[PDB]
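Chains as they are written, first to last, in this note's numbering: chain F, 124 to 493; chain B, 72 to 572.
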């Protein structure tokens with residue numbers, strides 16, 4: 124029974140549920156009755172003033188629905204406090220790895236029922252279709268699954284269990300995050316999925332129960348009726364100070380030399396050539412269908428990774444982009460990014476819950492007019 | 072008498088009483104009123120050792136009833152644990168399918184069967200002036216979290232009946248228990264008798280008069296006719312001398328009416344009058360009060376009619392641009408019915424806000440749809456697909472409308488500006504050169520010649536607007552750009568590239 128005490132003199136979660144599809148209601152009802160039969164969950168009445176939404180998403184290329192409880196206020200008040208008590212360090216050599224496997228563990232973090240002293244804070248609500256049948260609520264008396272605080276407590280179990288795996292192959296570097304598992308392999312693909320199979324076997328036998336390819340891609344420097352392209356040089360002049368295009372300004376007072384031209388060629392040779400104080404902020408720009416742009420920032424001047432995403436409808440492409448960018452951001456700097464999207468708040472809210480293949484929900488703040 | 076845990080908010084002082092008698096006969100009337108339920112099981116006699124009570128201002132506000140017990144709990148509502156609402160909105164009848172046997176039971180002494188926890192028992196203490204001291208032993212009306220506690224108790228009582236036979240549907244809200252059975256009324260009699268006996272086990276009261284079989288079922292202004300959810304005309308009477316208790320009644324009725332018939336100031340009238348703890352006071356009406364009276368005369372003038380939802384078929388929504396910023400969205404399933412017709416986008420914009428507004432409209436349907444029917448409609452929006460596909464790949468902030476269809480309506484939100492993929496440059500015309508900034512060049516361009524002019528110009532206090540192309544407000548520049556792009560090649564204005572720096 125680890126004492127879980129959050130920020131002094133502050134409230135908890137009070138986020139209201141947003142109604143969704145009727146099939147989602149069926150799936151969530153089935154999974155909540157399953158949870159009640161398992162005992163990890165317990166109904167509460169109106170005496171509990173704390174709430175959290177709950178969603179139901181289809182599995183990756185599978186029809187098995189999965190219930191996902193997503194919230195940010197308890198992660199904002201409790202988990203960041205765990206970062207002092209039982210914080211998790213990030214790996215430095217994980218970037219150099221040839222391939223990194225992302226695996227979802229099954230109910231491992233919700234296995235220890237110890238935190239009942241604050242359990243009145245966690246609660247998720249399943250409403251009716253028409254606000255007609257009374258809404259049914261449930262309360263966690265076990266370590267919250269799908270919560271960033273669960274890895275902190277289950278860290279001792281992971282450390283005690285992973286040791287034989289470490290002995291078999293110490294070169295693999297791991298950094299668990301929420302309900303994930305990021306193993307790093309650098310030798311070759313065959314031994315990589317051999318070790319993956321061994322990892323699933325270890326997961327099954329001891330009761331503990333897509334792969335991104337880092338370093339295959341890096342930052343993309345900029346490129347370059349040619350009067351408008353100079354404006355692009357003004358857009359990113361702060362990023363790279365090499366360009367000097369002051370020569371072209373002359374003889375321009377009215378619309379109607381080898382040195383300055385070489386300067387653009389100099390831009391061409393610029394094509395060839397993290398601090399936990401502040402968190403990450405991601406911005407995505409549309410720039411035509413099939414080609415999005417994502418930029419991860421720590422400060423406005425520093426661009427930790429400039430990137431562009433290329434691979435229907437606008438919402439699905441942006442959602443998949445957000446997933447990929449989050450899996451990229453977790454590796455390199457240790458914390459989930461704070462997204463910004465060029466999408467209407469409620470338009471995005473309509474269907475983003477219907478399809479998302481991740482157990483981790485990133486903080487985002489949509490841009491809105493003042 | 073199922074126990075329920077309810078506690079005061081931490082570190083809060085209990086209620087305090089400062090009460091005065093109103094009339095000499097009022098004292099004895101209140102004594103008789105309290106003694107009747109005291110010898111009944113509702114309340115019990117307690118000693119005066121508790122120094123906390125709440126002021127009482129019960130009055131014979133209505134002559135139809137001989138006497139009533141009105142106790143102020145607005146002070147204790149400030150000092151209580153803020154519970155969590157069970158559900159936000161009243162069920163829209165569109166969710167209720169057309170049923171075969173519909174009966175609306177109503178419970179009268181529901182607040183007199185649910186007990187109250189020991190914590191609040193000492194707090195809800197009322198005294199009759201010139202006084203014997205009582206504490207309120209059951210769930211009290213006017214208590215801030217009373218609806219949620221009553222709903223939870225009702226669900227606890229009703230769950231065995233829901234689980235023993237789930238063929239029928241039982242919907243409970245607003246202290247009334249609706250049951251609609253697919254079986255005939257004759258077999259409904261046995262099932263409803265079983266339900267009444269079930270509620271007899273737990274001591275609740277279901278008056279015989281409240282049982283309804285006649286087609287006009289009125290529960291919250293929704294006449295549940297066999298096939299049309301006609302809203303009964305809510306009379307909403309007005310009296311010259313508005314008592315304050317009637318003022319809170321009027322505010323509650325205003326919000327409950329605005330839930331279906333939009334009312335701007337329904338909550339604002341309550342905000343006008345605050346701190347009026349005493350339940351006996353005369354409140355003159357304001358001019359805005361009469362404005363809201365006329366407003367609810369106007370909106371309630373049309374009683375909505377609609378055929379209930381049918382699971383077999385799919386919704387078909389449509390938005391008609393009946394005005395500039397006035398779009399009527401009809402959601403029909405079969406032809407010739409307005410299931411959830413409503414006025415939308417009131418004062419959304421001065422002028423044509425491109426197709427974005429339409430997009431918003433679409434969304435403002437679909438979410439409402441998923442709240443009322445648990446589905447998503449296949450929209451039948453008028454304008455041709457070509458406009459939305461030139462607006463799909465070429466728009467700045469990605470936005471997705473669910474679907475589209477082919478319908479024709481004269482007033483088209485199409486703005487006819489820059490529809491086709493414009494050429495990068497043209498044979499512009501040179502010249503020496505706040506929506507007036509571009510307006511110079513725009514009017515300099517000739518609509519008959521076909522040649523286009525594109526020279527960027529800057530002006531104070533509108534630099535960001537110049538780089539932009541806003542259409543949210545009505546400008547004569549919009550008229551010029553509309554009349555210029557038509558019967559000519561595409562016009563692509565140049566933007567400041569900052570060669571200087």
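The C-beta atom is built at its ideal place from N, Cα and C for all residues, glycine as well.
Contacts of residue i in chain F (Cβ-Cβ under 8 Å)
i                     : result
residue 445 (chain B) : 144, 145, 148, 252 and 253
residue 216 (chain B) : 169
residue 467 (chain B) : 409 and 465
Chain-ordered neighbours of residue i on chain F, where CB pairs are closer than 9 Å
i                     : result
residue 154 (chain B) : 168, 169, 170, 171 and 172
residue 496 (chain B) : 348
residue 492 (chain B) : Going along chain F, no residue has its Cβ under 9 Å from residue 492 (chain B), so there is no contact; the nearest lies around 12 Å.
residue 520 (chain B) : The premise fails here: residue 520 (chain B) is roughly 19 Å from chain F at the closest Cβ pair, so nothing lies under 9 Å.
residue 219 (chain B) : 168, 169 and 170
residue 223 (chain B) : 168, 169, 170 and 257
Nearest neighbour of residue i, chosen from the options [CA to CA]
i                     : options                       : result
residue 367 (chain B) : B:313, B:398, B:335 and B:176 : B:335
residue 509 (chain B) : B:355, B:249, B:564 and B:553 : B:564
residue 533 (chain B) : B:507, B:301, B:293 and B:317 : B:507
residue 324 (chain F) : F:345, F:355, F:285 and F:295 : F:285
residue 233 (chain F) : F:211, F:215, F:358 and F:267 : F:267
residue 571 (chain B) : F:480, F:467, F:468 and F:369 : F:369
residue 340 (chain F) : F:299, F:245 and F:430        : F:430
residue 287 (chain B) : B:331, B:174 and B:188        : B:174
residue 490 (chain B) : B:426, B:448 and B:293        : B:426
residue 525 (chain B) : B:470, B:504 and B:235        : B:504
residue 139 (chain B) : B:145, B:146 and B:131        : B:131
residue 433 (chain B) : F:173, F:491, F:202 and F:467 : F:467
residue 348 (chain B) : B:144, B:111, B:440 and B:342 : B:144
C-alpha gap between residue i and residue j, whole angstroms
i                     : j                     : result
residue 150 (chain F) : residue 260 (chain F) : 15 Å
residue 245 (chain B) : residue 236 (chain F) : 39 Å
residue 293 (chain F) : residue 307 (chain F) : 10 Å
residue 199 (chain F) : residue 256 (chain B) : 55 Å
residue 296 (chain F) : residue 220 (chain F) : 9 Å
residue 248 (chain F) : residue 176 (chain F) : 6 Å
residue 275 (chain F) : residue 416 (chain F) : 34 Å
residue 350 (chain B) : residue 166 (chain F) : 39 Å
residue 264 (chain F) : residue 128 (chain F) : 15 Å
residue 435 (chain B) : residue 488 (chain B) : 26 Å
residue 428 (chain F) : residue 420 (chain F) : 8 Å
residue 349 (chain F) : residue 467 (chain B) : 23 Å
residue 461 (chain B) : residue 411 (chain F) : 12 Å
residue 402 (chain F) : residue 481 (chain F) : 21 Å
residue 464 (chain F) : residue 488 (chain F) : 8 Å
residue 492 (chain B) : residue 333 (chain B) : 43 Å
residue 266 (chain B) : residue 145 (chain F) : 28 Å
Under 7 Å by beta carbon: chain F residues contacting residue i
i                     : result
residue 163 (chain B) : 253
residue 538 (chain B) : Neighbours of residue 538 (chain B) on chain F: none; closest Cβ ~11 Å, over 7 Å.
residue 159 (chain B) : 254
residue 76 (chain B)  : 170
Chain B residues whose Cβ lies nearer than 7 Å to that of residue i
i                     : result
residue 160 (chain F) : Those do not exist, as residue 160 (chain F) stays about 15 Å from chain B at its closest Cβ, beyond 7 Å.
residue 437 (chain F) : 469, 470 and 471
Partners in chain B for residue i, counting only beta-carbon separations shorter than 8 Å
i                     : result
residue 374 (chain F) : Simply none; closest approach about 10 Å.
residue 371 (chain F) : 570
Interface partners of residue i on chain B, CB under 9 Å
i                     : result
residue 357 (chain F) : 568, 569, 570 and 572
Next item on the list: Would you list, in sequence order, the uninterrupted beta strand (DSSP E) runs of no fewer than 3 residues that lie entirely inside the segment 204-284 of chain F?
Entry: As far as the segment 204-284 of chain F is concerned, its whole beta strand (DSSP E) runs of at least 3 residues are 222-225, 246-249 and 259-263.
Checklist line | Near-chain B residues of the segment 461-473 of chain F (beta-carbon distance less than 7 Å), N- to C-terminal order | finding: Along the segment 461-473 of chain F, the positions whose C-beta sits under 7 Å from a C-beta of chain B are 465, 466, 467, 469, 470 and 473, read in chain order.
Notebook entry, point to check: Which full runs of the beta strand (DSSP E) of 3+ residues lie inside the segment 343-421 of chain B, going along the chain?
Noted result: For the segment 343-421 of chain B, the continuous beta strand (DSSP E) assignments of 3+ residues that do not extend past its boundaries occur at 387-394 and 397-403, in sequence order.
Check: Of the residues that make up the segment 442-454 of chain F, which ones have a beta carbon closer than 9 Å to any beta carbon in chain B?
Finding: Listed in sequence order: no entries.
Checklist line | Continuous alpha helix (DSSP H) assignments of at least 4 residues falling wholly in the segment 253-314 of chain B | finding: Runs of the alpha helix (DSSP H) inside the segment 253-314 of chain B: 256-272.
Next item on the list: Mind checking the segment 376-391 of chain F against chain B and listing, in chain order, the residues whose C-beta falls within less than 9 Å of any C-beta there?
Entry: Correct list: 377, 378 and 379.
Notebook entry, point to check: Any residues in the segment 226-246 of chain B with a beta carbon nearer than 8 Å to a beta carbon of chain F? Which ones, in chain order?
Noted result: Against chain F - using a Cβ distance shorter than 8 Å - the residues of the segment 226-246 of chain B are 226, 242, 243 and 244.
Next item on the list: Would you mind listing the alpha helix (DSSP H) stretches within the segment 422-504 of chain B that are 4+ residues and don't spill past its ends, in chain order?
Entry: Entirely contained in the segment 422-504 of chain B, the alpha helix (DSSP H) runs reaching 4 residues are, in chain order, 427-443 and 456-461.
Note to self: If we require 3 or more residues per run, which beta strand (DSSP E) segments fall completely within the segment 103-139 of chain B?
What the structure shows: Complete beta strand (DSSP E) runs here, min 3: 114-116.
Next item on the list: Note down, in chain order, all residues in the segment 410-423 of chain B with a beta-carbon under 7 Å from any beta-carbon belonging to chain F.
Entry: Close to chain F, meaning a Cβ-Cβ distance shorter than 7 Å, is no residue of the segment 410-423 of chain B at all.
Checklist line | Interface residues of the segment 501-514 of chain B facing chain F [CB-CB below 8 Å] | finding: Within the segment 501-514 of chain B, the residues whose Cβ lies closer than 8 Å to some Cβ of chain F are 501, listed in chain order.
Checklist line | Chain-ordered residues of the segment 557-569 of chain B with a beta carbon less than 7 Å from chain F | finding: Only 568 and 569 from the segment 557-569 of chain B bring a Cβ to less than 7 Å from some Cβ of chain F.
Item checked: Interface residues of the segment 282-303 of chain B facing chain F [CB-CB below 9 Å] -> Flagged: no residues at all.
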